[PDB]
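Down below is the structure, laid out as structure tokens.
There are 2 protein chains.
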Amino acid sequence: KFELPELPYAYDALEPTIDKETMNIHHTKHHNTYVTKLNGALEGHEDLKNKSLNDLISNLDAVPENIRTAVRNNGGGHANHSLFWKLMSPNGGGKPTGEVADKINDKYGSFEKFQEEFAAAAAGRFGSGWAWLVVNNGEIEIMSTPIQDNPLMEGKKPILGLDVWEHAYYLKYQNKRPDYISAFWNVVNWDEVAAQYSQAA
Amino acid sequence: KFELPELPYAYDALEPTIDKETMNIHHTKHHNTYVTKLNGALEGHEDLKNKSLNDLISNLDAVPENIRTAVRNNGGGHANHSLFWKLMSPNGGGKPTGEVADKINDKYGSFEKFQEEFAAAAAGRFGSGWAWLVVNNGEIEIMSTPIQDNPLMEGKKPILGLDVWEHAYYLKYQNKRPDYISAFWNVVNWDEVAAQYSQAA
Ligand SMILES: [Mn+2]
Ligand SMILES: [Mn+2]
Ligand SMILES: [Zn+2]
Ligand SMILES: [Zn+2]
Numbered sequence: 002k003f004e005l006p007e008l009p010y011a012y013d014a015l016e017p018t019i020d021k022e023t024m025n026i027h028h029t030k031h032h033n034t035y036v037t038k039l040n041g042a043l044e045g046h047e048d049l050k051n052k053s054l055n056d057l058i059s060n061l062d063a064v065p066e067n068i069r070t071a072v073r074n075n076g077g078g079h080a081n082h083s084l085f086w087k088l089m090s091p092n093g094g095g096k097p098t099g100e101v102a103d104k105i106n107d108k109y110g111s112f113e114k115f116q117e118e119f120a121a122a123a124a125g126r127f128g129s130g131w132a133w134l135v136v137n138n139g140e141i142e143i144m145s146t147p148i149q150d151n152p153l154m155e156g157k158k159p160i161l162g163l164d165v166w167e168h169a170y171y172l173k174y175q176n177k178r179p180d181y182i183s184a185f186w187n188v189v190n191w192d193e194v195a196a197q198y199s200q201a202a
Numbered sequence: 002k003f004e005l006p007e008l009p010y011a012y013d014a015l016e017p018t019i020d021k022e023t024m025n026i027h028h029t030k031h032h033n034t035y036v037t038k039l040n041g042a043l044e045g046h047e048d049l050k051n052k053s054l055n056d057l058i059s060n061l062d063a064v065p066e067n068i069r070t071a072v073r074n075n076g077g078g079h080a081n082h083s084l085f086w087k088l089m090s091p092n093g094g095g096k097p098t099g100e101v102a103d104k105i106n107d108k109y110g111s112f113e114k115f116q117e118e119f120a121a122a123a124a125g126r127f128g129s130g131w132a133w134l135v136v137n138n139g140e141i142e143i144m145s146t147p148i149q150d151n152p153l154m155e156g157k158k159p160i161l162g163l164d165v166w167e168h169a170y171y172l173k174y175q176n177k178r179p180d181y182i183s184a185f186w187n188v189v190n191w192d193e194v195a196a197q198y199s200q201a202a
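Chains Z and A are the protein sequences, given in the same order. Residue numbering for the first sequence follows UniProt numbering, beginning at 2 and increasing consecutively. Residue numbering for the second sequence follows UniProt numbering, beginning at 2 and increasing consecutively.
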């Protein structure tokens, strides 16, 4: 029921920023694994096996203790990475657009301002985890979920996130995470962020 | 007061198993950073600045909330990695020796038995973290501390640990952690484990 999604672009379609090589691994390895561990946990747990990844991820209570964690770590990863793949593009980057843009300025004053905040957050997260641009009600803040936890698990709808696990950049940038973070901006598809905004609200 | 320690061996003195390259980074980058962040936190906090890394790490309460975390994440890392560097050797590996050996058999029956347990633990830890072979009283168990937390922070004296952060192997093994884990065994210096055992007890 849960399947590994197709990359809307080539694996080298981002080769300057993120090396096609990690793209290959991070996609056909890690991610896939999550989709695997996931499907094979809900195996036999009927009522669960009938829920959307989102619902499933949201109400982490309906899942029995015995496998709650696995649906978490694997349910989140599969969800997080799923989103990630779409928040980049060979024909993307630049500055935000749409209401998302405005809101961003209403927020931290200027986009560059926001960025400086985000970059800081993405670098804040110790160990593994992700950084995001939630949308709590008519508002949007900046947070960072550890390991694979997804913000939807706290009632906050994501619209932008950045894998910060060292496996998402250690090949090309090793320990220089800020560099990886700076680079990110070039590929980020604000069109998606936009769409992901209207739906949430 | 706190300084980055010298590697008792060359950076390529483990080149078949762990690539000299990561050895260089993991040592002169990551680790160093921790020693940096550490010294620069206790800066000004007098009574603290007079404690041994161990004491300091142990009683994580005496540290004010405002910097407790930093002494943690950085205090643990600096301690963990410090130990790690010594738990390997170009002239090491093989099977355990000394009372440590016996105890190991008393424990899981056989060393290979223990290994199978350890390897499992090292692979268990989700996200970042380390796996260890604690020594609680006259006994020794197997656990895994997340991120940089160190078992000494729970009253358990370490004698063996394995960096499991993806930065300790992603260069040579990428996502194949079990392989990295298997490989580990070859370099592990049981002589050290031994010594580290007598002292604890
Ligand atoms: Mn990832
Ligand atoms: Mn490390
Ligand atoms: Zn069930
Ligand atoms: Zn003080």
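A virtual CB, placed ideally from N, CA and C, is assigned to each residue, including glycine.
Could you tell me the alpha carbon to alpha carbon distance between residue i and residue j, rounded to whole angstroms?
i        : j        : result
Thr98/A  : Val194/A : 9 angstroms
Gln200/Z : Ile19/Z  : 28 angstroms
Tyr109/Z : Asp164/Z : 23 angstroms
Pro159/A : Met24/A  : 22 angstroms
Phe112/A : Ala124/A : 18 angstroms
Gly139/A : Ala202/A : 7 angstroms
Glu22/Z  : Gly130/Z : 21 angstroms
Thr29/A  : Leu8/A   : 10 angstroms
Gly76/A  : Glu167/A : 20 angstroms
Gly95/A  : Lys157/A : 26 angstroms
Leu61/A  : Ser83/A  : 19 angstroms
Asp56/A  : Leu43/Z  : 45 angstroms
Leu172/A : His31/Z  : 15 angstroms
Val101/A : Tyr10/A  : 25 angstroms
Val188/Z : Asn137/Z : 25 angstroms
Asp192/Z : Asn106/Z : 17 angstroms
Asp48/Z  : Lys2/A   : 58 angstroms
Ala71/A  : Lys52/A  : 16 angstroms
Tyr170/Z : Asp103/A : 43 angstroms
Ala63/Z  : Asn81/Z  : 20 angstroms
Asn67/Z  : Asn190/A : 37 angstroms
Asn176/Z : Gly162/Z : 20 angstroms
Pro179/Z : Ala121/Z : 9 angstroms
On the DSSP letters alone, give me the boundaries of the alpha helix (DSSP H) that residue i sits inside.
i        : result
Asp56/Z  : 54-59
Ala120/A : 112-125
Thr70/A  : 66-87
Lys21/A  : 21-26
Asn138/Z : Per DSSP, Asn138/Z belongs to no alpha helix (DSSP H) and is neither H nor E.
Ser90/A  : That residue, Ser90/A, is in no alpha helix (DSSP H); it is neither H nor E in DSSP.
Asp48/Z  : 47-50
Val101/Z : 100-109
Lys173/A : 171-174
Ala196/A : 191-201
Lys38/Z  : 33-40
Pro97/A  : Unbroken run through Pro97/A: none, as it is neither H nor E.
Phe3/A   : Element bounds for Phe3/A: n/a, residue is neither H nor E.
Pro152/Z : Where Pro152/Z is concerned, there is no enclosing alpha helix (DSSP H), given that its DSSP letter is neither H nor E.
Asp180/Z : 178-188
Which residue comes first and which comes last in the beta strand (DSSP E) that contains residue i?
i        : result
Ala132/Z : 130-133
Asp13/A  : Unbroken run through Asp13/A: none, as it is neither H nor E.
Return the bridge partner residues of residue i from the DSSP annotation.
i        : result
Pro147/A : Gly130/A
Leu163/A : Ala132/A
8 angstroms is my cut-off, CB to CB: does residue i come that close to chain Z?
i             : result
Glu167/A      : yes
residue 206/A : In the structure displayed, chain A extends from 2 to 202; residue 206/A sits before or after that span and is not available.
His32/A       : no
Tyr12/A       : no
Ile148/A      : yes
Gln116/A      : no
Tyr171/A      : yes
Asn176/A      : yes
Please decide whether residue i counts as near chain A, where near means a Cβ-Cβ distance under 8 angstroms.
i        : result
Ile182/Z : no
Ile105/Z : no
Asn74/Z  : yes
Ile26/Z  : yes
How about residue i: is its C-beta nearer than 8 angstroms to some C-beta of chain D?
i       : result
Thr34/Z : Protein chains Z and A are contained in the structure displayed, whereas chain D is not.
**Request:** Indicate whether the contact test is met: 3 or more Cβ pairs, each with one atom in the region 182-192 of chain Z and one in the region 131-148 of chain A, closer than 8 angstroms.
**Result:** These segments do not touch.
**Request:** Report yes or no: do three or more beta-carbon pairs, one from the region 9-16 of chain A and one from the region 82-93 of chain A, lie closer than 8 angstroms?
**Result:** The region 9-16 of chain A vs the region 82-93 of chain A: in contact.
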